[PDB]
Amino acid sequence: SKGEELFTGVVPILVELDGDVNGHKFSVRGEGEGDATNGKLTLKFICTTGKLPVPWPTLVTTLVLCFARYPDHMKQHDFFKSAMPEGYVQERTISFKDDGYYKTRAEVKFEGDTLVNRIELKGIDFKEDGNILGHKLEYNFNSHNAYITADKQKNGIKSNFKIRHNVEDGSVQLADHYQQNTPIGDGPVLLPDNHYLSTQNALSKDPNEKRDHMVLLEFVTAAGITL
C-alpha cells in the first residue's frame with residue numbers, strides 16, 4: 001500500500017514535546033531514525049529548557065508506533081502506516097498509581113521525508129515527594145505487551161496497558177495507560193482485528209553530553225494473529 005511504502009527504508013524522526021507538570025513548564029526535543037523493517041528506533045532526547053521535572057522513564061511511551069514490525073501475514077492490521085502520510089492523532093491518559101496523571105495529545109505525520117511526533121502534555125495532581133516529582137524511579141525500563149483493538153465509531157483504534165516502573169527502594173510504580181488513535185486525513189485506513197505490540201527498550205546516557213538527556217533504543221513487533 002501507499003502508506004506502507006513510506007517505511008521500507010530508514011526514516012529520520014523528529015520529536016517535539018511541550019509539557020506542564022504541576023505548573024512546571026518544560027520542553028523536550030528528540031532526533032534519530034526509524035527502521036520499520038526491523039521494528040527499530042534509535043533516538044536521543046534533550047530537555048531544551050533545563051532540568052526535566054519528572055523522570056525520563058515516565059516519558060518513554062509519550063515520546064511512533066508506525067515503526068512497528070508487522071509480520072507479512074499481519075500487514076492488513078497495521079493501522080499506523082495505513083494513515084500515512086497525513087498521519088494520526090494519538091491521545092492518552094496515563095494514571096500513576098497513588099499519584100497524579102498525564103494527559104497527552106500528539107500528532108504523528110510526515111513533514112517532508114521526516115516522521116514528526118509533536119506532543120502536548122499536561123500533568124495534574126502529582127505529589128511533591130512522590131516517586132515522580134521526587135525523582136525516585138530507576139533509569140531503566142521493562143519489556144511490555146500492549147493489546148490493540150479497533151474503534152469503529154471513531155474510525156480508529158484503542159489500547160489500554162500497564163507500564164511498570166522500577167522504584168529505587170525495590171518497589172514498583174504502576175502507570176496505567178488508556179490510549180486512542182484517529183486519522184487526521186479523510187483517506188481509507190486499515191482497522192485491525194485484535195492483536196498486540198511487543199515492546200523492548202534500552203535507556204542509556206551519552207558520556208560527552210552535558211545537558212539533561214536520554215539515549216533510547218526501542219524495538220516494537222506486532223503479534224497475536226496466527227497464519
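My aim in this report is to walk through the structure given alongside it, one point at a time. Note that residue numbers begin from 1 in each chain and follow the written sequence, not necessarily the entry's scheme, while residues that lack coordinates are absent from the view. Only heavy atoms go into the side-chain values, all of them from the structure, while hydrogens and water stay out. Residues with missing side-chain atoms are left out of burial classes, side-chain pairs and their counts.

## With respect to the side chain of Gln179
Reasoning step 1: Relative to the elements of secondary structure, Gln179 occurs in strand β9 (residues 172-183).
Reasoning step 2: We define a polar contact as two N or O atoms separated by no more than 3.5 Å, with the added condition that, inside protein, one atom must be a possible hydrogen donor and the other a possible acceptor, whereas residues neighbouring each other in sequence contribute only through side-chain atom pairs. A polar contact of 2.9 Å, which involves the side chain of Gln179, links it to the side chain of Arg92.
Reasoning step 3: Among the polar contacts made by the side chain of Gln179, one reaches the side chain of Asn181 at a distance of 2.9 Å.
Reasoning step 4: Contacts between residues were defined by any pair of non-hydrogen atoms, one from each residue, lying within 4.5 Å. Look past the residues within four positions of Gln179 in its chain and what remains in contact with it is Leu65, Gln90, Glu91, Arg92, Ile157, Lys158, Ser159 and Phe161. Elements are defined by DSSP. Helices are runs of H or I of four residues or more, strands are runs of E of two residues or more, and each kind is numbered from the N terminus.

## Some details on the packing of aromatic side chains
Geometry of an aromatic ring pair is reported as the spacing of the ring centres plus the angle between the planes.
Reasoning step 1: Aromatic pairing here means that ring centres of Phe, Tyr or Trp (its six-membered ring) are within 6.5 Å. Orientation follows from the plane angle: under 30 degrees is stacked, over 60 is edge-to-face, and everything else is tilted. Counted under the stated rule, the structure contains 9 aromatic pairs.
Reasoning step 2: Site record: aromatic cluster; members linked through ring pairs are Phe7, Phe67 and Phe110.
Reasoning step 3: The criterion for a charge sitting over a ring is simple: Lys NZ or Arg CZ within 6 Å of the ring centre, and within 35 degrees of the ring normal. Residue placement shows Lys81 over the ring face of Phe7; its charged tip is 5.7 Å from the ring centre.
Reasoning step 4: Note that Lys205 overlies the ring of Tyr139, its terminal NZ or CZ placed 4.2 Å from the centroid.

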